[PDB]
Structures are given as C-alpha cells and as structure tokens.
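*Asks:*
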Amino acid sequence: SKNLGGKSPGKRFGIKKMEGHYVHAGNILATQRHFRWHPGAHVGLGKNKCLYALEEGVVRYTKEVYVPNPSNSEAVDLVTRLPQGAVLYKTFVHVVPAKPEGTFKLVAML
Amino acid sequence: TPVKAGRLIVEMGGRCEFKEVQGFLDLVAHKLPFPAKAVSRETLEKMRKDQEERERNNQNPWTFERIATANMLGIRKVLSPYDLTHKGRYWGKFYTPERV
Amino acid sequence: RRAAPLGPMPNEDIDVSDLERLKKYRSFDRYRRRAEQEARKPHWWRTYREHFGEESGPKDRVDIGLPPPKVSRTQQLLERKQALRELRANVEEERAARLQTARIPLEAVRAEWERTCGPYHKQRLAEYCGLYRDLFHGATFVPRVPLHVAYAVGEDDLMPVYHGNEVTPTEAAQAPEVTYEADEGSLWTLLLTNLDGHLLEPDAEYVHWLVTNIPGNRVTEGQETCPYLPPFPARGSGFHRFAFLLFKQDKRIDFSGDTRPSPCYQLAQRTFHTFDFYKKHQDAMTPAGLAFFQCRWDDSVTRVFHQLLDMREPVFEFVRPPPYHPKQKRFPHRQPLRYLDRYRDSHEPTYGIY
Amino acid sequence: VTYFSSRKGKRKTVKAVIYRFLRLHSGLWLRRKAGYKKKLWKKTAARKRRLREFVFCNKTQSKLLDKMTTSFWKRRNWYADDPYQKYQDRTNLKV
Amino acid sequence: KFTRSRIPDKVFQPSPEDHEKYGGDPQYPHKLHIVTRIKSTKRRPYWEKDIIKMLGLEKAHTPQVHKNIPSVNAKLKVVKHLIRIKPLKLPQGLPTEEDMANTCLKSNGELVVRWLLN
Amino acid sequence: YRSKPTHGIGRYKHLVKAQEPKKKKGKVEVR
Amino acid sequence: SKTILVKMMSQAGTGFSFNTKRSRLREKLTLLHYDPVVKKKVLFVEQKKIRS
RNA sequence: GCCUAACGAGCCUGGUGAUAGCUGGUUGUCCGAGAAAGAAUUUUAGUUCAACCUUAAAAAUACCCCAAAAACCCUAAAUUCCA
RNA sequence: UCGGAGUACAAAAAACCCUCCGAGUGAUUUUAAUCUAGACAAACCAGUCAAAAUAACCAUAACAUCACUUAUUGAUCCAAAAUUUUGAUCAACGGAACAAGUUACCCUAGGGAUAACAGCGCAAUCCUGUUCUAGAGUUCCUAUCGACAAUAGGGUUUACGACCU
RNA sequence: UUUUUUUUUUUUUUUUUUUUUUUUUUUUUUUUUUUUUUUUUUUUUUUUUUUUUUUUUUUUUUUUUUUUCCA
Ligand SMILES: Nc1nc2c(ncn2[C@@H]2O[C@H](COP(=O)(O)O)[C@@H](O)[C@H]2O)c(=O)[nH]1
Ligand SMILES: [Mg+2]
Ligand SMILES: [Mg+2]
Ligand SMILES: [Mg+2]
Ligand SMILES: [Mg+2]
Ligand SMILES: [Mg+2]
Ligand SMILES: [Mg+2]
Ligand SMILES: [Mg+2]
Ligand SMILES: [Mg+2]
Ligand SMILES: [Mg+2]
Ligand SMILES: [Mg+2]
Ligand SMILES: [Mg+2]
Ligand SMILES: [Mg+2]
Ligand SMILES: [Mg+2]
Ligand SMILES: [Mg+2]
Ligand SMILES: [Mg+2]
Ligand SMILES: [Mg+2]
Ligand SMILES: [Mg+2]
Ligand SMILES: [Mg+2]
Ligand SMILES: [Mg+2]
Ligand SMILES: [Mg+2]
Ligand SMILES: [Mg+2]
Ligand SMILES: [Mg+2]
Ligand SMILES: [Mg+2]
Ligand SMILES: [Mg+2]
Ligand SMILES: [Mg+2]
Ligand SMILES: [Mg+2]
Ligand SMILES: [Mg+2]
Ligand SMILES: [Mg+2]
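Residue numbers (the entry's author numbering), protein chains in the order written: chain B0, 39 to 148; chain BQ, 152 to 251; chain Bb, 27 to 380; chain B8, 94 to 188; chain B3, 35 to 152; chain Bk, 48 to 78; chain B6, 13 to 64.
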C-alpha cells in the first residue's frame, strides 16, 4: 500500500448546547472548524472559532442577514459581486439573558 | 458503464416500421448481460399503462408499499431502507415488472 | 429528508440563469442599506427581534389628545416651494456653500421644530423613556402645545427643563415657571408626577405640584391642589423621572377627594395613580403638554428628608447577583488548588476541636 | 509495593509518591502538571500558565496513592506557616 | 443501518368504510383503550422492549386499560405490531364504589357492572 | 438543518459565478 | 534556512531573560519587550545563544 | 565424537516450594442480581484505566419525548436537545 | 508520530497492509503579561477556550500575522543552566540509559487462536454443455468450426479462506 | 563546549623561482580630467623547534562554517 498517515482521531467539532438550554457565562456553545454558526448577541468568538456565552440565559438560533466587516476584502468583494436583490443570510446563535443586572437593596436607613 | 433497469441503451429512428427493428435488435438485447427488449414509444406506453392498471386493480388489500410504509408486523427489521422506494419491485440488480 | 418552506424564500425572486444581464450593486453602503431594510421585515422564521423583545410587535396605541391642526397641504407646499426658490435665487448663499463658511439660526430652527415637528419627537422620546407605559399603560398622546419649564437658580441663572434633561434637586428646590401659548378662554391643569421614588408601592407614583383650573397662561392665578415639593430621590437608586403633564379642560372641574392639605408632608396622602386620575377626569381633561426630566440624588435631599418629611434618609445600593458555581465534587479532576477557595464560607481558619 | 517487610514485617511505601505528590487531610492529592519545565519558548502563555498551575487527582489515582503510601503520610500535620493548612480541610461538601 | 421507523400520518387517516367495517362511531371517538400483548419482545428492538415495559404489558394475554390521548397513542403506534387494541365499552356505565367487587370484563370488549347476581 | 423548512437560506454560491482562480487564461471562444 | 535560539536579558538592571527564535544570518537581536519586574516596556538585547 | 545405557556439554546434593503472560485440576445445598470489548502497552496468549455489572448508603429526577432548533453547491433511512 | 478529504450522506465517535494530500517548518513585526469565573474534549497523562480585575501604549485593539492553518511536534528521571532556562529520526514517535546474526546439533511450555498433506466453503482459474450469427468452409452460419457476447451446471489443477484436528 | 579550514603587498588570486591584476607615487599623452604607455615601492598574522625550499608540525588572539543531547 502507498497510503499512510491518514489515521487521525476526530476533533469532536460540533454543537454543544441546543436551543432552549439554560447556560452560564463561559460555557462553550459550539465548536467548529469553519464558520458554520456565527455568534450573535452575548456570544463571544474565540481565536479557534469557538462560541461561548458571555451572559447567563437561554440559547437561541436564528437566521439573520449578514453584513461583513468592511476590512474583509474577500467578503466585501463577494458583497459587491452579489446581484441587486441578493442578501446574505447566516445562522446566528444568541443568548437571551435571564438574570437581571442587579437589584437595589436598602443597606442603611440613616 | 453502470446501467440501471429501465434505461435505454440504443435509440433508433427513421422511416421504417417496428417489426424489422425489433427483429434485428432482439439479438442485441439477448446478447446484452442484463435482460433487455426491443421496444418503441407505443410499446413502452402500453407496458407502463398495463403496469399502472394492474397496480390499481390489484385485488388483495395488502401491498408491499403499504406494508413497508406502515411498518406492519415490524417488517422494517427484515427490509432495507431502499425498499421503501423500490416498493418490492427491485431486489439487488434484478427487477420484476410483474410484482406490482 | 426535505420539508417545504413555510413561506417565500428570501432569494427565490431573482433568476439564477444569466447573471451577467442582471444589475449588481458595487457599493458596500448600498448592500448595507438593502440588508437593514430587509432585516426589519416580519420574516416567518425565528428572528432576532422575536427572541430579544420587539415589544410584542405591532401595538394598536389608543390616542388621547387634541386633533392635529388642519393645514392646507397645497398652499403649504406652494409657500415652501416659493421660499426655497427665493433662497436658491441668492448668489451669496451659494458662494458661502462653495467656500464652506455658513451658519444657521439655531434659535429659529428650534422654534420652527417645536412648532411643526417637535410634538412627534417629544412623543417618541417619551415612548423611549416609558412615560406612557407608567402613566396610562395603553395610550400615548401627541404633545401638541409647547411647554417651557424653567427653574430659577438665582437672579440671572435659569435652568430649562427639556424632554429628558438632568436637573438636580438643588436647582429644583423652588417652584418652576411654566410657559405655554393659550387664549383667555380655556382652562388648564398642571401636574408634576415623580414616577420613581415610592418606597412601598412599585405601581404608584408621587405628586409634587398639582395645580388645577388655570385661566389661560396665568398659572399662578389658578388654585393649587398640591403645594410644590422638592424632589427627594434615593441616594442609591438614582436617576428618577419627574414629568410635568399639562391637560386642557372645558368645564370647571371641582374635586374634594383629590384635594391636598397645605402642609401635605404625608407620603400616604402623596400617593397617586395617573390612570385612576384620568379615569376620574376623562370627560373634560385631555393631555396636551408633556415635559419629563431626570433627577439624581445630591446633598439637598438630606434636608428634605430630615426637616420636611421628618424621616431618616434611606440609602440603597446596586447589589449584584452572587457568582454561579457548580456543585462541589468529592474528587475534582484536573482542577487548580484554588478550587477549594470557591466554596469557602469565610477567610478565617476554623479549628473544630483544637 | 512491599506489603510485608523483611525486617519489621510492616508495610513500606514508595518514595516516588511522597517526592512528587502531596496529600491533604481531606483525602485529596495534589500534583504538578506534567511538562511544566520543558520547552517553554515553544508554548503559549496560557499553556505555560496551565502547566505552572497545580492540579488535583481523581478517585482512582487517589485510591492508588493511598494504597501505595502508609498511614504515616495520612496523619494530620500542623506545620508552622504551612501554606496548605487552609486547604487541609473541606467545607460545604453536600454529598 | 436499522433504526426506528417513521410512520407517515397518512396511515392513521380513517376511511369512511373503516368505521362500518370495525364497528366504530364516525362522530365520537371512544374513551379508553384495552390493550393486549400478543407477540413477544424477543427478537425486537430495545426501544420497543422499553415501550412495552412502560406500558405495563409485561404479562402477555392480559388486558390493560389506557387513555385515548395522543401521548399514549404515540407509543401504541410505535408498538402497534405487538398488541391488539379494542375500545372499552360500558353498557351499564361506570361502576360505582358499591359495585367495584362485582365487576367483570367480557372478552368482547365490554365491562359489565353487575356480575353474578346471587 | 437539512430537515428544517429553513434549509438553504444561506445558499449564495448560485448567486455569483465568478470562481475562476486562474492566472491569466482567456476564453476567446465566442463564435 | 537554519534558525537560532537566543536568550535575551533585560536592560533595566533586573535579572529577566527570555528565549526567542531568530534567523542565523541576521544581526544581533535587539527588541522591545515587557518586563513584569519593573512592569515596563524595556529594551532587550541578545545575550546568549542556547540552541541552534 | 566419547567422558558408565538420554552429552551442542556428565551425574549427585544444595540454592529449590527456581521461575513461568503457558497447559491441566481446584472437593456441600439452595436463593438474588448478573457482563462480548473504547484507550495505552517489546502490546494484542497479558495487564492498567474508561464504559457496563454486584453488595451497601444518600438523594432526585430518570427513559418515550409534541412543537421549535442543529451550513454552507445535491443528498435516503434517520440522529442530538427538550414539554 | 500528527493534521485534511471519503469511507463515516444530517449531534459526536467509529477500523482495515482502505483511496488521495501533506507535516518533523519558513518569512515579517503589532515581541504577543499577571491573575481568575465558567465551559469543550478526554481512561489517565496530556490538549483546548475564556468573562471580569490589574501593568504599558490609542486615552476606541491587542487572538502576533501569512504560507488549504488544521499538523509543524516529546511524559519522568539526568545533565548542563545559574534565579531562570535549554534540551539527540526515544521516528518501534506514551518512550528500557547503553545489547547483532545462525541453529537441519537443538531444547522446553503451549497453539488447529497459526501454516504445509487431507477434508470443507467459493469458483478467480479449470471443464462442460446450450443462446446469438458476423466470418471460415468454391456458392452455403450451424458437414466440421466459429471471434466480440449471454445463460446454466461440475468441483479434477493452481490460487483464496483458516472451520476440524 | 566540541569538530574543521585558516591569518598575503593597501584590495583579491595563486605558489615557494614569493608571482598576476586592482590601489599608491614619479613621468608621458590632453587645454584640463578620464582612458591609455613606462619606472618604483609594496607580504606568508605572531612563538618555537627544522628541512635542500618551505605549502613540517606547535604558543596568543581574530573572524569564522557544522554539531551542541531521545529522555
Ligand atoms: N466477554 C464476555 N464473555 C462472555 C459473556 N457471557 C459469556 N461469556 C463467555 O462465553 C462462554 C460461555 O458461553 P455461554 O455458556 O455463555 O453460552 C465463556 O467463555 C464465557 O466467558 C459476556 O457477557 N461477556
Ligand atoms: Mg480521517
Ligand atoms: Mg482512529
Ligand atoms: Mg405636504
Ligand atoms: Mg548417561
Ligand atoms: Mg510455579
Ligand atoms: Mg502473553
Ligand atoms: Mg437468576
Ligand atoms: Mg452471554
Ligand atoms: Mg421534535
Ligand atoms: Mg426530559
Ligand atoms: Mg464532556
Ligand atoms: Mg478582559
Ligand atoms: Mg513500544
Ligand atoms: Mg507506541
Ligand atoms: Mg495518543
Ligand atoms: Mg548437514
Ligand atoms: Mg516440543
Ligand atoms: Mg482453525
Ligand atoms: Mg480468533
Ligand atoms: Mg494424506
Ligand atoms: Mg488445504
Ligand atoms: Mg478430516
Ligand atoms: Mg475463492
Ligand atoms: Mg458453480
Ligand atoms: Mg465466407
Ligand atoms: Mg442476456
Ligand atoms: Mg476433491
Ligand atoms: Mg495444494
């Protein structure tokens, strides 16, 4: 045989948290090799394209328009080459916060 | 070259009748590996209409497609996922047109 | 397995074949405009607004206010076109535009804005600040008439009260002056309501100055139901909202249940509900003026709490929820040495029997 | 592991465990991360911090270390200015 | 790969002649199911075994009464090839507390309230 | 997802056909 | 092209050295790094050669 | 080759109850529950973990799981998450 | 030894002495810190992210970047370092600090878990018949043959399997 | 740290008859430079022990190229 080195364990690249799951801050929502799910509100983006919740709440998945950063040359060129009626759509993952920021409690009645 | 059942191999035309073309194409059909026939537009239409008529006037209420779709008797354990589309007419590379 | 879409697809209108004959936009600005225009449409799939609170989408707002002024549209357009032609006829303005040296009469712009399109901006600002959500809970009005509220900080210092401005209790200690154009044939009522500051009832609001039966613009001559009271926000929970509401009324309204005493230093008596008030006086009163402003705690609130209200000053604090920690495990695996510190009751060494 | 010694007949212990491990009185075992002194220039700052940070051992490793170590090392030690005296005990363990 | 079998909704759409053939009421559906396990769960998938366990049909040829709700109808559809299902009939109505010890279940699918009077 | 009704909402490669990563080759074949 | 590993010390007087990969055919390395001992942006020059 | 009937290195005793991942055997009754393999290894004739399983003890959610959700050129049987 | 694609079509994993790409590093400056919630993955060892808070620069970013960016790398112990680091195709790449051939003069414990002879499965190979006619046969497919092709049968040779010893 | 080539007129190549082109100086050519034609000087980095000559081998430093440790 001439083929060698093909053997390699999988990287477990997939979606960790499904819609409706109550997650906390820092929980990795999903891991991916390429950009399949894009972060939305309260979802960060690690340097390895991982998605982690910044707030504690409920995970949701939506289909939303895609407006690329103007500095991304390939994305800008694709946008300019798109026809007049075309609008890019991407699957975004969001976290809807549940706990409020805080409460006002009486500390001293002086 | 892979060939499935129901696929034409050689298509002929001209100002001739059907008897002679069938006569000199039956030998080629026989020499072909898979079973084959020398058909025409009229013959293909006739056989398809006969198949539809048989499948619509079949007397027994139990049919392979109905049983496979309804998972009657738990027959999906014995059957194959492709059987849901084949409807019992195709088994391996062999096709039986008389099995509804 | 494939499923049928529940409605029209976004990019199913344009033809895939013959892209070269189809016009494209080459501007990122054009693409951004198109994307933002499409993002506001009610798509049949799960969108961002539905999950992040678009405020129940459409809402049939009940309108309680004066009818809009009836203006001849054709004559107004003709006059505006004539004015624009006269302005463009000048050469000096064009020279100034070319030389980039031009100024604008901001005072006249403000006056014209208040006259024609100020009410709508004030209404949307009040909607953003949630005035109608807490005053009527189902109705938003158009502040047709202007309302200029001003506090006097001295002899030559005047602090205006615009829609959403920040005025401290030091400037708000004295009763402000209210100005509005009105003929000598109508009756008006002015009500200063503090939406935030009630210690007991979250759904109730305080009244600082309620004066009814105003003949025309003469606010002083009208009888005051509730004497003016300086704002008293809490030290911790700051930035309360104080709103002046001006209502136009037809009949001479007399009420004995809502009458307040001259001292009026009891918070139990200074408990108000604008919804119930407008239910009581809905036949005659119609809101036409609104001016809301923000107010935070300062050193002047202590004097109001002590001398006037005869109360101890309440102090609040914005406390945050405690950090979340998972259930402590018997044998944590690959955890740092500080894992035990996350569940420590206190940073004090505890000796059980020694 | 010598279950029965030749001289005294007691049970000995392996010195490697005491050299490269630390046992808390709560039953937990403390160890260093493997490879925290090898090729530091080739590793990222976060990886180096992970290597330098201490770690704990799971139930199987803890039981193995307890079997391989005698009862002397499981005693309660009150050292002077002991950094781990705070971590010796366990609190709020709801099991 | 052999997995669970999806059953299309077309199968459970009754024909007008089905009511007359099976003696069912075209207007008002029955209220309770009498289910009896006919075949064994051996040589059958573990999910079917679990469904038959949670349906309380461990003992074969022993009728069990269940609701006519879709929640249990889903499992009954899953394991429909191993059970016989009949509608519960009440010619004498629901038995009261004074007739609980004198009830009986005839094989035709009806529940008699007064059984063996003296 | 493939089974979801919203499948292919991000399909965009059919809207643009400029995917020629060649150095300088020209067609010059329009008869 | 062969690389060279160089140990560079701080010029702030405090003892603080770090290793860096460099090209062999280049001059003496002199960069601006961060010193946590003085917590400042300091000039670091090549001092020693450790690995080829 | 021969060295007392077996010599690629004699025989006896002692070490010696040599050591064997290898073969063979392992002695009364009844009852309960009850396992076919993922990772390393001079390792695939074995060991050490993980997943299952057994005796006890704590608790509370456990399997089936409707919607809704999981990618971008086409893609079946169906999968994961939850009322 | 490590990574990518299909096998493995849609959460994850998933093997073969299965079919193909590679990797055991280069170039540049933005020389890329401390501490700590909460998570992925995993038998373990390892590998991955990362909110807030601090030190220096805009007083608005710092994940070093690019080469399909995913792989470009190594656990104790030990040596040399001197305060803080470095490390040999352990390449059999979870790795003994350093050890080659032959035994038909061989021995021992086992294995039909594993070969050679036999038996058995299949029929690649082999042997049979029939179907098809282009062509040979002076004209004429079938007196005698009959290429390119089809179907069915037998288990004599070799090969394959490793089921009984 | 170890292995190896080594140190040439002012600059580079050889070789032991220490030579050949650049550079310098003194002349000529030109109105003056440049180009070109003659003459001259110009060295084995240093120590030590030698051969028939030294390109025999050793002391102090100078750049140097490769290696600089599986664990
Ligand atoms: N690995 C494994 N072996 C089993 C299991 N059950 C039976 N065996 C093995 O099967 C043999 C006995 O066959 P049985 O009596 O089960 O038919 C024995 O070699 C026994 O060890 C099991 O669940 N797992
Ligand atoms: Mg692979
Ligand atoms: Mg693998
Ligand atoms: Mg108009
Ligand atoms: Mg003898
Ligand atoms: Mg023995
Ligand atoms: Mg073995
Ligand atoms: Mg039993
Ligand atoms: Mg068994
Ligand atoms: Mg569902
Ligand atoms: Mg559930
Ligand atoms: Mg996990
Ligand atoms: Mg931060
Ligand atoms: Mg090995
Ligand atoms: Mg290995
Ligand atoms: Mg490994
Ligand atoms: Mg011989
Ligand atoms: Mg033998
Ligand atoms: Mg065998
Ligand atoms: Mg075997
Ligand atoms: Mg024989
Ligand atoms: Mg054989
Ligand atoms: Mg035999
Ligand atoms: Mg064979
Ligand atoms: Mg055969
Ligand atoms: Mg012929
Ligand atoms: Mg044929
Ligand atoms: Mg034979
Ligand atoms: Mg043979």
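All residues carry an ideal CB built from backbone N, CA and C; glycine is no exception.
(1) If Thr-100 (chain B0) and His-132 (chain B0) are in contact, beta carbons under 8 Å, what's the gap, nearest whole angstrom?
(2) How should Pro-289 (chain Bb) be labelled, buried or exposed, when 16 other C-beta atoms within 10 angstroms of its C-beta is the threshold for buried?
(3) Taking 8 Å as the threshold, find out whether the segment 119–135 of chain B0 comes into contact with the segment 66–86 of chain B0 through three or more Cβ pairs.
(4) Among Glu-144 (chain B3), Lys-111 (chain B3), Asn-136 (chain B3), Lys-73 (chain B3), whose alpha-carbon lies nearest the alpha-carbon of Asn-152 (chain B3)?
(5) Whole angstroms are fine: how far does the CA of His-234 (chain Bb) sit from the CA of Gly-211 (chain Bb)?
(6) Beta carbons nearer than 8 Å to chain Bb: which residues of the segment 133–156 of chain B8 have them?
(7) Nearest to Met-161 (chain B8) by CA position, among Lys-187 (chain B8), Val-110 (chain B8), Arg-168 (chain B8), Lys-132 (chain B8), is which residue?
(8) Going by DSSP, what residue range makes up the beta strand (DSSP E) through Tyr-232 (chain Bb)?
(9) Give a yes or no on whether the minimum CB-CB distance between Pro-348 (chain Bb) and chain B8 is below 8 Å.
(10) Below 8 Å between beta carbons: does that hold for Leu-128 (chain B3) and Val-99 (chain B3)?
(11) Check this for me: beta carbons of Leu-55 (chain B6) and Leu-44 (chain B6), under 8 Å apart or not?
(12) Should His-266 (chain Bb) go down as buried or exposed, given a rule of 16 or more other Cβ atoms within 10 Å for buried?
(13) Measuring alpha carbon to alpha carbon, tell me which residue in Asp-174 (chain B8), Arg-143 (chain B8), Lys-152 (chain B8) is nearest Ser-119 (chain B8).
(14) Anything with a beta carbon under 7 Å from a heavy atom of ligand 4 counts; list them all in chain order.
(15) Measuring only the C-alpha atoms, how far is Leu-226 (chain Bb) from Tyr-154 (chain Bb)?
(16) Measure how close the beta-carbons of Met-147 (chain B0) and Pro-340 (chain Bb) come, nearest whole angstrom, since I'm counting them as under 8 Å.
(17) Which whole-angstrom value describes the C-beta separation of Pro-121 (chain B0) and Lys-50 (chain Bb), a residue pair presumed to lie in contact below a C-beta threshold of 8 Å?
(18) Hey, is the segment 333–349 of chain Bb in contact with the segment 188–195 of chain Bb, meaning 3+ C-beta pairs nearer than 8 Å?
(19) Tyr-177 (chain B8) by DSSP, collapsed to three states: which one?
(20) Whose C-beta lies closer than 7 Å to the C-beta of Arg-296 (chain Bb) among residues of the same chain, with five residues either side of it excluded?
(21) Just to confirm the assignment, what range does the beta strand (DSSP E) spanning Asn-102 (chain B3) have?
(22) Sorry if obvious, but does the Cβ on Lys-45 (chain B0) come closer than 7 Å to a heavy atom of ligand 3?
(23) Mind pulling the alpha helix (DSSP H) runs of 4 or more residues that sit fully within the segment 153–215 of chain BQ?
(24) Since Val-63 (chain Bk) meets chain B0, which of its residues come closer than 9 Å, beta carbon to beta carbon?
(25) Could you tell me which residues DSSP pairs with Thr-100 (chain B0) in its beta bridges?
(26) Taking 8 Å as the cut-off, decide whether the C-beta atoms of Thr-205 (chain Bb) and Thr-251 (chain Bb) are in contact.
(27) Using alpha carbons as the reference points, say which of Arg-169 (chain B8), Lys-187 (chain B8), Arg-104 (chain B8) lies closest to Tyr-180 (chain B8).
(28) Where DSSP assigns a beta bridge to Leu-122 (chain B3), which residues make up the other side?
(29) Determine whether the beta carbon atoms of residue 382 (chain Bb) and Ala-122 (chain Bb) lie at a separation below 8 Å.
(30) Determine the chain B3 residues that contact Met-223 (chain BQ) at a beta-carbon separation under 8 Å, and present them in chain order.
(31) At the level of alpha carbons, what is the spacing between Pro-84 (chain Bb) and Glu-76 (chain Bb)?
(32) If the criterion is Cβ atoms closer than 8 Å, does the pair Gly-262 (chain Bb) and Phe-342 (chain Bb) meet it?
(33) The alpha helix (DSSP H) with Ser-155 (chain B8) in it runs from where to where?
(34) How many whole angstroms separate the CB atoms of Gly-143 (chain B3) and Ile-68 (chain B3), which I take to be in contact at a CB cut-off of 8 Å?
(35) Just to confirm, are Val-148 (chain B8) and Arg-360 (chain Bb) a CB contact at a threshold of 8 Å?
(36) Is DSSP giving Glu-144 (chain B3) helix, strand or coil here?
*Replies:* Looking at the atomic coordinates:
(1) 7 Å
(2) exposed
(3) yes
(4) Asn-136 (chain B3)
(5) 27 Å
(6) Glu-146, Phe-147, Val-148, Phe-149, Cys-150, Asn-151, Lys-152, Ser-155
(7) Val-110 (chain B8)
(8) 232–241
(9) no
(10) no
(11) yes
(12) buried
(13) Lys-152 (chain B8)
(14) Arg-99 (chain Bb), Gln-102 (chain Bb), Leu-103 (chain Bb)
(15) 26 Å
(16) 5 Å
(17) 5 Å
(18) no
(19) helix
(20) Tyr-232, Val-233, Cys-290
(21) No beta strand (DSSP E) contains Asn-102 (chain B3), which DSSP labels as neither H nor E.
(22) yes
(23) 169–182, 192–208
(24) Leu-116, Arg-119, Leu-120, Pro-121, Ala-124
(25) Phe-130 (chain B0)
(26) no
(27) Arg-169 (chain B8)
(28) For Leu-122 (chain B3), which the question treats as bridged, DSSP gives no partner whatsoever.
(29) Shown here, chain Bb extends from 27 to 380; a query on residue 382 (chain Bb) therefore has no answer.
(30) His-115
(31) 12 Å
(32) yes
(33) 152–161
(34) 6 Å
(35) yes
(36) strand
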